[PDB]
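Remarks on the structure that follows.
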Amino acid sequence: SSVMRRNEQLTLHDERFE
Amino acid sequence: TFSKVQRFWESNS
Amino acid sequence: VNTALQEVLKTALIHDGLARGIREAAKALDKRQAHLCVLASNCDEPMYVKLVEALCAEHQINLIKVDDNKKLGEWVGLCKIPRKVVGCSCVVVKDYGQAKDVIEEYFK
Amino acid sequence: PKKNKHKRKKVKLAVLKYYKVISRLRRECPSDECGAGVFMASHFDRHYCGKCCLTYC
RNA sequence: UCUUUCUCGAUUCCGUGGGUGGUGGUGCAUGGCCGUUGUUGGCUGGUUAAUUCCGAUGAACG
Ligand SMILES: [Zn+2]
């Protein structure tokens, strides 16, 4: 897990990595 | 005194 | 009612429970595991238009009618990011993961 | 005799012929792995099924 | 492969460019690694004439 992100401008799919 | 025949029955290394 | 349908198909994509295509939709329908079905209204051949709700009523499955198919197809993830734009006429949500309650008491 | 690639025939609604109106037009496979939904292929002299080759002639 | 529809279903498949190009081929530099440039000790099994055949099964000194 990281600390920063792309922050804004929405999301499309959270992705299933597990 | 038993289970010696059971010990010898196990034929493996 | 479309936004609730959009979020329930989105969470179907999240949980990978939906089946795309009339073949996979019918296989989910007749095997008694389906929860809801979605049918596009922009169809030319009328042979498969009338039998889908017959299958839904025979197995006690609820149905939602949408006017467009390409919008339904790009919502359910038939496009890659989009260059290729394709749309489906029928899709069945076999299982779910707020507005789904709105959908289920809209059914009643 | 060039290396032509075979094209699958886009049959129009091959799904919508195993059910009427309710029941199954074709038979059901009695197999353990699958069945009752895997439609039983009935050709003009024979039969053909999906996975574990439960075939009747 | 040539007819007959059963199944897996995005893992897609048809054509065109002198523009890149790929299990590409080949030559140069390149990190590790083999080998290359003394002395003294120490048997469950089947099988054949035979401690027979196959089959599991260590240490110091210069
Ligand atoms: Zn069958």
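FYI, nothing fancy with the structure tokens labels: chains A, B, ... in order, residues from 1 per chain, ligands from 1 as they appear.
For segment 28-39 of chain D, the non-local neighbours within 9 Å, defined as residues at least 4 positions apart in the same chain or in other chains and counting only C-alpha atoms (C1' of nucleotides), are residues 27, 30 and 31 of chain C; 18, 24, 49, 50, 51, 52 and 54 of chain D; 6 and 7 of chain E.
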Take the residues that were just selected and, keeping C-alpha atoms (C1' of nucleotides), output them as a PDB file, in the first residue's frame.
ATOM      1  CA  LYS C  27     -27.852 -20.355 -19.069  1.00  0.00           C
ATOM      2  CA  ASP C  30     -32.743 -21.548 -16.626  1.00  0.00           C
ATOM      3  CA  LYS C  31     -30.321 -22.980 -14.036  1.00  0.00           C
TER       4      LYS C  31
ATOM      5  CA  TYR D  18     -33.796 -25.227 -27.131  1.00  0.00           C
ATOM      6  CA  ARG D  24     -36.430 -28.573 -23.147  1.00  0.00           C
ATOM      7  CA  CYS D  49     -22.625 -33.814 -25.854  1.00  0.00           C
ATOM      8  CA  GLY D  50     -20.170 -31.566 -24.047  1.00  0.00           C
ATOM      9  CA  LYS D  51     -17.542 -32.949 -21.718  1.00  0.00           C
ATOM     10  CA  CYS D  52     -17.348 -36.580 -20.591  1.00  0.00           C
ATOM     11  CA  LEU D  54     -22.053 -39.669 -22.781  1.00  0.00           C
TER      12      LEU D  54
ATOM     13  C1'   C E   6     -22.925 -28.946 -29.326  1.00  0.00           C
ATOM     14  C1'   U E   7     -19.824 -26.321 -26.127  1.00  0.00           C
TER      15        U E   7
END
inquiry  = Set the distance at 9 Å and use only C-alpha atoms (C1' of nucleotides): which residues neighbour residue 21 of chain D once local chain neighbours fewer than 3 positions away are removed? I'd like the list as number ranges by chain.
reply    = C: 50-51, 54-55
Would you save the residues of that selection, restricted to C-alpha atoms, as a short mmCIF file (atom, residue, chain, number, x, y, z; two decimals), in the first residue's frame?
data_model
loop_
_atom_site.label_atom_id
_atom_site.label_comp_id
_atom_site.auth_asym_id
_atom_site.auth_seq_id
_atom_site.Cartn_x
_atom_site.Cartn_y
_atom_site.Cartn_z
CA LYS C 50 -40.74 -12.27 -26.66
CA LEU C 51 -39.12 -15.44 -25.26
CA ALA C 54 -41.16 -15.98 -20.90
CA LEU C 55 -37.93 -17.47 -19.53
#
Near residue 12 of chain B, within 12 Å and counting only C-alpha atoms (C1' of nucleotides), which residues show up once chain neighbours fewer than 4 positions away are dropped, as a list in words?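 Everything that qualifies: residues 7 and 8 of chain B; 44, 45 and 56 of chain E.
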Give as a list in words every residue of chain E that touches chain D within 12 Å, counting only C-alpha atoms (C1' of nucleotides).
->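 My answer is residues 1, 3, 4, 5, 6, 7, 8, 13 and 14 of chain E.
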**Study point:** DSSP alpha helix (DSSP H) selection over chain C, as number ranges by chain
**Key:** C: 2-15, 22-30, 47-58, 70-75, 99-107
Contacts of segment 24-26 of chain C at 7 Å or less, counting only C-alpha atoms (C1' of nucleotides), minus same-chain residues fewer than 4 places along, as a compact mmCIF listing (two decimals) with N, CA and C atoms, in the first residue's frame?
# COMPACT_ATOMS: atom_id res chain seq x y z
N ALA C 19 -23.50 -12.19 -16.40
CA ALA C 19 -23.19 -12.98 -17.58
C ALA C 19 -23.63 -12.21 -18.82
N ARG C 20 -22.72 -12.03 -19.77
CA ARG C 20 -22.98 -11.25 -20.97
C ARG C 20 -23.30 -12.17 -22.14
N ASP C 30 -32.04 -20.28 -16.75
CA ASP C 30 -32.74 -21.55 -16.63
C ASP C 30 -32.13 -22.49 -15.59
N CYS C 90 -28.90 -8.29 -24.13
CA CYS C 90 -29.41 -8.97 -22.95
C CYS C 90 -28.26 -9.27 -22.00
N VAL C 91 -28.51 -9.08 -20.71
CA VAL C 91 -27.51 -9.37 -19.68
C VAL C 91 -28.22 -9.71 -18.38
N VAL C 92 -27.74 -10.74 -17.69
CA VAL C 92 -28.35 -11.22 -16.46
C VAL C 92 -27.37 -11.03 -15.31
